[PDB]
K.L.:
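Please find one structure pasted underneath; my questions will follow.
All values below come from the heavy atoms of this structure, side chains included, with hydrogens, waters and symmetry mates left out. Each ligand, and each atom within it, is numbered from 1 in the order the structure gives. Note that the numbering runs from 1 along the sequence shown for the chain.
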Amino acid sequence: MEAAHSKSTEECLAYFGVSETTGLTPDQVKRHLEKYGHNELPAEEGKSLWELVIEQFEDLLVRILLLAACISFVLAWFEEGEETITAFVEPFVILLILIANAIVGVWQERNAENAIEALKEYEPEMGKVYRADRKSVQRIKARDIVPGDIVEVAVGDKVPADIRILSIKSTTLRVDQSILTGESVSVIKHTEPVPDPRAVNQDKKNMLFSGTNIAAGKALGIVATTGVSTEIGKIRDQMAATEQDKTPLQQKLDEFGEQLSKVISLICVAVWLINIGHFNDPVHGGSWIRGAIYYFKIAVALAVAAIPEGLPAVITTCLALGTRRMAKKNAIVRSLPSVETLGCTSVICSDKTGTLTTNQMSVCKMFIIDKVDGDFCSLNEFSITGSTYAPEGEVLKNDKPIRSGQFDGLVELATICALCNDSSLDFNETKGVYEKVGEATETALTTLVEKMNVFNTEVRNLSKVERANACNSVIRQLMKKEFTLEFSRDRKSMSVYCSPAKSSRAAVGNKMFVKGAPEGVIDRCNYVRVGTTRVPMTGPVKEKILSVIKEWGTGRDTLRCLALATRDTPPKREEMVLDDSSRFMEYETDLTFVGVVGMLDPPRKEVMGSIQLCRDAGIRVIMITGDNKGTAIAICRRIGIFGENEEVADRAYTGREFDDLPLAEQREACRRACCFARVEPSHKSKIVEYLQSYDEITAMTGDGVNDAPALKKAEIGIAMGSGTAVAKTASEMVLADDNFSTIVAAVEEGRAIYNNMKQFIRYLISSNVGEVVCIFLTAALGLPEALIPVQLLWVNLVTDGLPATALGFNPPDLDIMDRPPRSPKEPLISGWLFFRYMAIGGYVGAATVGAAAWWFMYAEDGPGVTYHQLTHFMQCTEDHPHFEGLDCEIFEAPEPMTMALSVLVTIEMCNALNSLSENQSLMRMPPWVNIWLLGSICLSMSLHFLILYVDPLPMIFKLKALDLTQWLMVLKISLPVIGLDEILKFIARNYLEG
Ligand SMILES: C/C=C(/C)C(=O)O[C@H]1C(C)=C2[C@H]([C@@H]1OC(=O)CCCCCCC)[C@@](C)(OC(C)=O)C[C@H](OC(=O)CCC)[C@@]1(O)[C@H]2OC(=O)[C@@]1(C)O
Ligand SMILES: Nc1ncnc2c1ncn2[C@@H]1O[C@H](COP(=O)(O)OP(=O)(O)O)[C@@H](O)[C@H]1O
Ligand SMILES: [Mg+2]
Ligand SMILES: [Mg+2]
Ligand code: NA
């Protein structure tokens with residue numbers, strides 16, 4: 001029964017055909033279980049290890065490498081000679097990377113928990129029911145509970161399903177619904193029906209929600225829903241139906257692979273087309289088999305050369321580093337790829353209480369009626385100092401301190417504040433300051449009583465623990481609190497019934513003290529208190545009261561106002577039914593207006609500045625609050641969201657106003673709105689949907705399982721460090737301090753991390769471009785391989801990985817937050833930059849091919865064959881060049897390859913320096929601007945010499961130490977790269993501005 005809350009207790013029994021004293025019969029249990037299933041959320045997909053492992057091979061690039069591993073594995077097999085010592089090295093290396101690669105991937109999935117499986121923490125293992133086949137109650141597994149079951153719950157129990165309370169055994173029943181309604185304070189439940197069929201959970205006072213806890217009491221009820229049909233199960237279904245896209249970088253990264261894959265095949269076709277002349281050679285002769293090997297061999301080098309094998313690890317290292325940095329600033333990022341999206345945040349939706357404000361309540365003003373003589377009228381306004389919950393402060397009249405006792409009206413004001421209050425104070429000897437015990441609003445009233453001290457007590461005679469609740473205790477001893485009529489959003493008021501302490505045999509002298517929202521409370525007042533006397537409430541005086549309330553709640557004071565009243569002649573105790581909260585308003589009528597207290601929940605001290613940063617960064621800020629519209633707007637003006645005197649009629653809505661707009665208009669309202677007051681439980685999600693229909697990167701805050709859907713949907717869900725574990729697991733980030741300004745600081749950190757990432761990414765991909773040209777040039781000219789797979793891999797993983805990582809630590813621009821949000825569609829490389837890397841690539845390709853070619857010719861140590869043709873052949877099966885001797889297989893010399901690799905390494909240590917800045921010359925921004933970079937280069941070169949001299953290695957890499965002469969030819973070919981890019985940068989700065 002989805003509508004149970006609106007049904008009478010009897011109608012629910014009738015609906016299910018069950019008796020409240022016996023429960024369901026075994027036949028009913030059978031049929032019901034059959035019809036509704038078990039009371040549990042479905043179990044998550046059985047993603048097995050094998051499936052997991054296979055998934056680490058879905059990527060196009062990992063497939064290419066896999067293929068190349070196979071070819072490499074085949075060649076290191078169908079070859080002639082016993083040089084097997086360095087045969088299977090190449091294939092094992094590739095495979096080893098893919099292996100370690102899959103390992104990591106799997107390691108993550110094993111430690112990644114999802115929010116949905118986190119909801120299963122709120123479902124108890126057992127529940128208690130009454131079934132016809134037994135007199136006493138029997139506890140069974142909660143999953144075996146079904147709609148119709150008569151259930152029993154008691155204090156300490158975790159509610160097993162959504163239940164319609166049938167009968168409350170205890171004096172009252174209290175429930176902790178924090179996880180679902182935010183209401184941290186336990187709420188009283190009743191059994192009467194709640195008329196509205198569309199009432200939100202907070203108002204279903206006759207319902208117990210599965211996953212919730214009994215704070216106090218014992219009750220009997222009937223199960224209305226179970227499984228995914230409960231409030232929490234519906235939350236679980238929204239979440240499961242929410243798909244989160246890949247981050248902008250993942251999308252670009254994936255398109256890069258699709259394109260890289262398309263290029264590799266095209267370069268293979270080209271290498272083939274350029275050698276179509278082989279069909280013009282005689283059939284007999286020539287090593288066909290030793291030719292196909294040549295082609296397959298370059299394919300392997302081709303694939304290894306185009307893939308930036310070390311990129312994923314570089315990104316991850318930068319993200320982990322930045323992430324630990326963000327933590328020190330109170331931003332706990334859960335998803336590494338989220339740091340990127342964070343920098344892109346274009347809209348931040350923030351709850352007010354506790355994030356934009358401190359949630360530290362404090363009464364600042366209050367007033368009573370001074371005189372009412374016909375059309376004439378005067379009030380008695382006061383101020384109170386102290387913003388802490390500590391009883392340290394004073395009352396003032398026109399800044400002049402006064403004594404509260406000299407005004408009777410204040411004595412009663414204080415009485416109401418003390419009595420009609422379920423909160424208190426507690427001096428924490430540990431921390432050294434007073435803390436609240438209950439809701440912040442009521443505690444502020446408690447704190448106010450101590451500051452007022454309407455009876456003058458020896459408080460300065462008591463300790464710090466006794467000072468806490470002194471003046472309250474005094475007023476407590478003068479009035480006996482019979483019972484209290486709880487607050488309910490319908491009437492927006494609360495009251496307590498009291499009778500004097502010292503009163504003999506008599507049935508007269510009782511009073512009701514009412515506290516609540518002004519509008520409603522004042523409308524039920526027929527009298528106004530003037531000191532100790534009373535007079536009939538009039539139109540004039542009412543307006544006077546309401547004008548001040550409006551000023552306080554809507555002016556720059558942004559105060560939350562409460563009207564305090566007292567029913568002088570409260571109905572006889574026997575004539576009141578304390579069970580139907582629906583009658584409480586009628587009982588709180590014919591009241592006498594006593595006063596108004598205005599309290600403040602102060603903005604965080606850093607919120608003002610952070611909001612300004614957002615305006616500077618082009619980041620829109622939307623506040624979500626429970627304040628009525630007026631005060632919401634006033635607060636938005638106060639903190640900077642709205643201009644002090646700007647029009648906002650069309651930029652602020654309550655949930656009601658928003659629901660009344662047609663779908664088309666809601667979408668529009670979301671693009672311009674900055675204030676949402678009294679918002680429904682589904683609104684955050686709809687607001688995120690509309691915002692996304694404008695391609696906005698949205699950050700949204702939340703804390704309870706009810707915010708879980710919007711958190712998951714938003715590009716950057718933000719959870720409170722003091723919030724629920726479910727909200728956290730559904731968010732990309734957690735605020736350890738719950739402070740709004742932590743979001744802004746994370747965004748900035750996000751913008752900085754990405755700029756540096758843009759650099760080391762272009763750096764790495766840049767080098768792959770040169771490698772492919774080198775492998776291409778060699779393949780086109782039919783030259784001996786200048787660079788082999790193992791060398792490239794060492795370069796792309798180690799040699800270049802260090803500088804790349806170092807670049808991650810590039811100092812951030814100073815105008816980071818003075819620029820609008822970066823567009824997600826912004827490519828990493830295009831336009832003039834694409835040309836620059838086109839050029840650098842050609843350069844690197846020619847430089848490495850030419851470097852090996854050099855040794856093979858114009859060099860001493862090498863077969864000085866100037867303008868000779870290595871291209872001519874590579875078989876000596878004809879021997880045209882050599883005229884006398886016994887040597888041929890020298891084309892496989894390590895020296896030439898060592899020349900190419902050294903050129904690569906040197907041009908890359910150079911191009912890294914060219915990477916410190918996109919367009920700024922090394923003249924303007926010196927290499928030493930990043931010390932890590934310089935140092936990384938020193939380590940890379942050292943590692944280079946390492947693989948050249950430490951015997952085991954030079955064999956594996958096929959390298960040979962160079963002569964001081966050769967090294968200089970490397971510097972003759974490399975160093976000039978800096979000048980090339982310098983010239984291209986110069987062009988971007990002077991002939992490309994506007
Ligand atoms: C890794 C090495 C190579 C050589 C490769 O094929 O990269 C191409 C490629 C896939 C792209 C290109 C490369 O295209 C070329 O170099 C043109 C063909 C000439 C080479 C042929 C030799 C005979 C990038 C590398 O070229 C230059 C010169 O900068 C730039 C950019 O890449 C990025 O922005 C990186 C995204 C993370 C991409 O055009 C990109 O495709 C896209 O979708 C983009 C938008 O991504
Ligand atoms: N404990 C209370 N007792 C009586 N009235 C209250 C209490 N708390 C709030 N009110 C009033 O009722 C209105 C709405 O309360 P509530 O729904 O709890 O709002 P909020 O989420 O801003 O705390 C408030 O504007 C306030 O004036
Ligand atoms: Mg909440
Ligand atoms: Mg509240
Ligand atoms: Na999200």
K.L.:
Out of all atoms in ligand 1, which are within 4.0 Å of some heavy atom of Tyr837? Include the element for each.
P.N.:
28 (C), 29 (O)
K.L.:
Check the Na ion (ligand 5) and write out every protein N, O or S atom at under 3.0 Å, as residue and atom.
P.N.:
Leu711 O, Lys712 O, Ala714 O, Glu732 OE1
K.L.:
Would you check, one step at a time, whether the test salt bridge (charged side-chain N to carboxylate O under 4.0 Å, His left out) holds for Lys686 with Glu680?
P.N.:
CA-CA 10 Å; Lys686 289 177 185 168; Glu680 306 305 318; over 6 Å; no
K.L.:
Could you list the residues that satisfy salt bridge (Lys or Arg N to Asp or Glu O under 4.0 Å) with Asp627, not counting sequence neighbours?
P.N.:
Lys352
K.L.:
To check you understand the geometry: which heavy-atom pair defines the closest contact between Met623 and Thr625, and what is its length?
P.N.:
CE-CG2, 3.7 Å
K.L.:
Checking contacts here: is it the side chain or the backbone of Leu253 that comes within 4.0 Å of ligand 1, counting heavy atoms only? Could be both or neither.
P.N.:
side chain
K.L.:
What atoms of ligand 1 come within less than 4.0 Å of a heavy atom belonging to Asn768?
P.N.:
1 (C), 2 (C)
K.L.:
With heavy-atom distances below 4.0 Å as the criterion, list the atoms of ligand 1 near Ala306.
P.N.:
1 (C)
K.L.:
Between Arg678 and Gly655 (side chain of the first, backbone of the second, donor and acceptor by atom type, cut-off under 3.5 Å), is there such a pair?
P.N.:
no
K.L.:
Checking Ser346 side chain against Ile697 main chain: does a donor-acceptor pair fall under 3.5 Å?
P.N.:
yes
K.L.:
Could you tell me whether atom 13 (C) of ligand 1 has a protein heavy atom closer than 4.0 Å?
P.N.:
no
K.L.:
State whether the number of non-hydrogen atoms from other residues, nucleotides or ligands found under 6.0 Å of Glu243 atom CD is greater than 12.
P.N.:
no
K.L.:
With a 4.5 Å cut-off on side-chain heavy atoms, are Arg63 and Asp59 touching?
P.N.:
no
K.L.:
Is the distance from the ring center of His683 to that of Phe676 below 6.0 Å?
P.N.:
no
K.L.:
Any atoms of ligand 1 less than 4.0 Å from a non-hydrogen atom of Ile765? List them with their elements.
P.N.:
25 (C), 35 (C), 37 (C)
K.L.:
For ligand 1, which atoms have a heavy atom of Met838 less than 4.0 angstrom away?
P.N.:
19 (C), 28 (C)
K.L.:
Looking at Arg822 and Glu340, is any side-chain nitrogen of the basic one under 4.0 Å from a carboxylate oxygen of the acidic one?
P.N.:
yes
K.L.:
Please give the atom name: the N, O or S atom of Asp703 nearest to the Mg ion (ligand 3).
P.N.:
OD1
K.L.:
Quick one: are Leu833 and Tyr837 in side-chain contact, heavy atoms under 4.5 Å?
P.N.:
yes
K.L.:
Counting only heavy atoms closer than 4.0 Å, does ligand 1 sit against the backbone of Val263, its side chain, both, or neither?
P.N.:
side chain
K.L.:
Hey, does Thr247 have a side-chain heavy atom less than 4.5 Å from the side chain of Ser338?
P.N.:
no
K.L.:
Measure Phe776 to ligand 1 on non-hydrogen atoms and call it side chain, backbone, both or neither using the 4.0 Å cut-off.
P.N.:
side chain
K.L.:
Given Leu266, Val772, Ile267, identify the one with the heavy atom nearest to atom 21 (C) of ligand 1.
P.N.:
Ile267
K.L.:
Please tell me if atom 19 (C) of ligand 1 is touched by the protein, where touching means a protein heavy-atom distance below 4.0 Å.
P.N.:
yes
